[PDB]
Amino acid sequence: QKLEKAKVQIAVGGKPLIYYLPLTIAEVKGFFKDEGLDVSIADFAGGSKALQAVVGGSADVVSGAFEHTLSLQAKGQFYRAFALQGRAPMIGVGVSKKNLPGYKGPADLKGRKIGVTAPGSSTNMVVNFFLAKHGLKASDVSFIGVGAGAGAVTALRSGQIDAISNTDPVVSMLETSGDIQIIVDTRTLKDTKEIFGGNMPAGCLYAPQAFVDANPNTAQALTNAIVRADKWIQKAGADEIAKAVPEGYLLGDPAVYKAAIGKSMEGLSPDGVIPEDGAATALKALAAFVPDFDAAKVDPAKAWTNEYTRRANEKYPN
């Protein structure tokens with residue numbers, strides 16, 4: 001089985017975040033090269049921009065949040081998730097202790113500036129789900145795109161935003177420095193289930209159904225690499241992981257990055273496998289807050305498949 005497309009371009013909205021560690025581990029360990037792939041990765045400020053790179057034809061596959069497949073299918077666009085990086089969202093929402101030191105509850109977010117990676121991204125979706133739960137609307141706040149790294153940290157620290165939704169190590173950098181109060185945490189499976197009522201698959205590889213139709217062996221090769229990266233991560237110490245990523249991912253604080261790997265480890269997918277209740281949990285989540293969203297019209301089965309994750313696990317048991 002030869003590769004239909006050896007040269008693949010991946011778009012990720014936040015490559016340095018622990019949310020996408022499997023992607024980076026697959027690249028630096030040569031797991032894509034082992035499958036005969038020539039993978040380019042283009043980074044973007046958040047997942048909404050990374051998705052637009054694929055829609056726009058600049059990239060082939062998205063490394064982004066699973067819930068986007070369902071949101072797209074609602075608009076009539078068919079995309080398919082086929083390898084999992086994260087099995088919980090691992091998204092934190094923090095209020096600025098500097099600007100909202102009296103914070104009493106969700107009321108107090110009204111009229112305020114809330115940092116997300118990019119508008120329309122999962123970071124934004126989690127806050128909107130929170131707001132809808134507590135009887136607020138999206139238009140009650142203003143969302144500011146601050147990206148996936150240093151900008152996001154300094155934007156909060158400096159007072160430019162009053163709250164932030166992001167992942168480790170950005171979230172952890174701010175925790176440790178005493179700068180945010182956490183109001184939503186989805187780093188653990190338990191906290192996630194408490195909020196969404198089932199598994200919320202997070203980071204994954206997903207692509208237009210057309211790409212999956214034209215390039216089955218390429219999709220398997222990609223999936224092989226993620227699955228191998230997932231399994232490496234689970235056996236590696238924080239130290240080995242910090243040794244493997246580019247130095248910029250540490251945000252100048254190796255000790256915090258290593259504690260962040262510890263806090264977010266439960267959320268990383270151990271083997272690439274998409275959980276069975278995932279798409280339905282995600283669809284149910286989107287129907288709580290997306291306006292004029294009609295979940296009845298989406299077929300969740302057309303958003304995802306373990307076809308390739310089963311074979312990748314067959315082929316790389318260890």
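Here, residue 1 is the first one in the sequence, and each next residue gets the next number. Reckoned from all heavy atoms, side chains included, excluding hydrogens, waters and symmetry mates.
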Nearest 0.5 angstrom please: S63 OG to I41 CD1, how far? 7.5 Å

Within the structure provided, determine whether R112 and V95 are in side-chain contact (heavy-atom separation under 4.5 Å). no

Pair up each side-chain donor or acceptor in residues 7-18 with any protein partner under 3.5 Å, not counting sequence neighbours, and list the distances.
{"residue": "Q9", "atom": "NE2", "partner": "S40", "partner atom": "O", "Å": "3.1"}
{"residue": "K15", "atom": "NZ", "partner": "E27", "partner atom": "OE1", "Å": "2.9"}

Counting C-beta onward and ignoring hydrogens, is there a side-chain heavy-atom pair between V184 and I91 closer than 4.5 Å? no

Ignoring hydrogens and geometry beyond distance, is a side-chain donor-acceptor pair present between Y249 and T24 at under 3.5 Å? yes

Do side-chain atoms of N99 reach the backbone of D162 as a donor and acceptor pair under 3.5 angstrom? no

Test of understanding: clusters of I, L, V, M, F, W, Y form through side-chain heavy atoms closer than 4.5 Å, transitively. Do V290 and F129 belong to the same one? yes

Do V170 and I182 share a hydrophobic cluster (ILVMFWY, side-chain heavy atoms under 4.5 Å, transitive)? yes

Here the gap from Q85 atom CD to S269 atom OG, rounded to the nearest 0.5 Å, amounts to 9.0 Å

Against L136, only a single residue in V141, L131, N128 fulfils side chain to side chain contact (heavy atoms under 4.5 Å, CB included); can you say which? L131

Determine whether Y19 and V273 fall in the same hydrophobic cluster, where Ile, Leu, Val, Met, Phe, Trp and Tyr are linked whenever their side-chain heavy atoms lie under 4.5 Å apart. no

Determine whether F293 and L283 make a side-chain contact, defined as any pair of heavy atoms from C-beta on separated by less than 4.5 Å. yes

Please name the pair of heavy atoms, one in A138 and one in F143, separated by the smallest distance, quoted to 0.1 Å. O-CE1, 4.0 Å

Would a distance-only check, ignoring hydrogens and angles, find a side-chain to backbone donor-acceptor pair under 3.5 Å from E266 to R187? no

Does some side-chain heavy atom of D34 sit less than 4.5 Å from a side-chain heavy atom of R228? yes

Side chains of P275 and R87 in contact at under 4.5 Å (non-hydrogen atoms): no

Cluster overlap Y316 with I233, hydrophobic side-chain contacts below 4.5 Å: no

NZ on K258 to CG on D253, rounded to 0.5 Å: 10.5 Å

Roughly how far, to the nearest 0.5 Å, is NE2 of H68 from CD of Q77? 14.5 Å

Closest approach of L174 to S177 (non-hydrogen atoms, all atoms of both residues): O-OG, 3.3 Å

Minimal heavy-atom distance between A236 and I241, with the atoms involved, is CB-CG1, 3.8 Å

Please report the shortest heavy-atom distance between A150 and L251, naming the atom on each side. N-CD2, 3.9 Å

Heavy atoms, side chains only, cut-off 4.5 Å: are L21 and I261 in contact? yes

Within the structure provided, determine whether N166 and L156 are in side-chain contact (heavy-atom separation under 4.5 Å). no

The test is side chain to side chain contact (heavy atoms under 4.5 Å, CB included); show your working for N215 and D60 and say whether it passes. CA-CA 11 Å; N215 307 293; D60 302 308; over 6 Å; no

Can you check side chain to side chain contact (heavy atoms under 4.5 Å, CB included) on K97 and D179, steps first, answer last? CA-CA 6 Å; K97 296 186 173 225; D179 291 309; over 6 Å; no

Counting only N and O atoms by type, is there a donor-acceptor contact under 3.5 Å from the side chain of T123 to the main-chain atoms of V116? no

State whether a side-chain donor-acceptor pair under 3.5 Å links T186 with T192. no

Tightest non-hydrogen contact, residues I183 and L109, listed as CD1-CD1, 3.9 Å

Taking side chain as C-beta onward, heavy atoms only, is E175 less than 4.5 Å from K263? yes

Could you pull out all donor-acceptor pairs under 3.5 Å where a side-chain atom in residues 196-210 meets a protein atom, sequence neighbours excluded?
{"residue": "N199", "atom": "OD1", "partner": "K193", "partner atom": "NZ", "Å": "2.6"}
{"residue": "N199", "atom": "ND2", "partner": "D277", "partner atom": "OD1", "Å": "2.8"}
{"residue": "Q209", "atom": "OE1", "partner": "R80", "partner atom": "NE", "Å": "2.9"}
{"residue": "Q209", "atom": "OE1", "partner": "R80", "partner atom": "NH2", "Å": "3.1"}
{"residue": "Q209", "atom": "NE2", "partner": "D213", "partner atom": "OD1", "Å": "2.7"}

Are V54 and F44 connected, step by step, through hydrophobic side chains (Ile, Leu, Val, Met, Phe, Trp, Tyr) whose heavy atoms are closer than 4.5 Å? no

Identified side chain to side chain contact (heavy atoms under 4.5 Å, CB included) partner of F82 from the options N306, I226, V212: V212

When rounded to the nearest 0.5 Å, the distance separating CG of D191 from CG of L189 is 9.5 Å

Determine whether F31 and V39 satisfy the following criterion, side chain to side chain contact (heavy atoms under 4.5 Å, CB included), listing intermediate values before the conclusion. CA-CA 10 Å; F31 297 165; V39 168; over 6 Å; no

Tell me which donor-acceptor pairs under 3.5 Å the side chains of residues 216-224 have, and how far apart each pair is, sequence neighbours excluded?
{"residue": "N217", "atom": "ND2", "partner": "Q1", "partner atom": "OE1", "Å": "3.3"}
{"residue": "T218", "atom": "OG1", "partner": "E4", "partner atom": "OE1", "Å": "3.1"}
{"residue": "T218", "atom": "OG1", "partner": "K5", "partner atom": "N", "Å": "3.3"}
{"residue": "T218", "atom": "OG1", "partner": "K5", "partner atom": "O", "Å": "2.9"}
{"residue": "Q220", "atom": "OE1", "partner": "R311", "partner atom": "NH1", "Å": "2.5"}
{"residue": "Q220", "atom": "NE2", "partner": "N224", "partner atom": "OD1", "Å": "3.0"}
{"residue": "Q220", "atom": "NE2", "partner": "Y308", "partner atom": "O", "Å": "2.8"}
{"residue": "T223", "atom": "OG1", "partner": "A219", "partner atom": "O", "Å": "2.7"}
{"residue": "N224", "atom": "ND2", "partner": "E35", "partner atom": "OE1", "Å": "3.0"}

Closest non-hydrogen atoms of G159 and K98, given as atom of the first, atom of the second and distance, are N-NZ, 4.3 Å

Atom pair CZ (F130) and CD1 (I195), whose distance is rounded to the nearest 0.5 Å: 8.5 Å

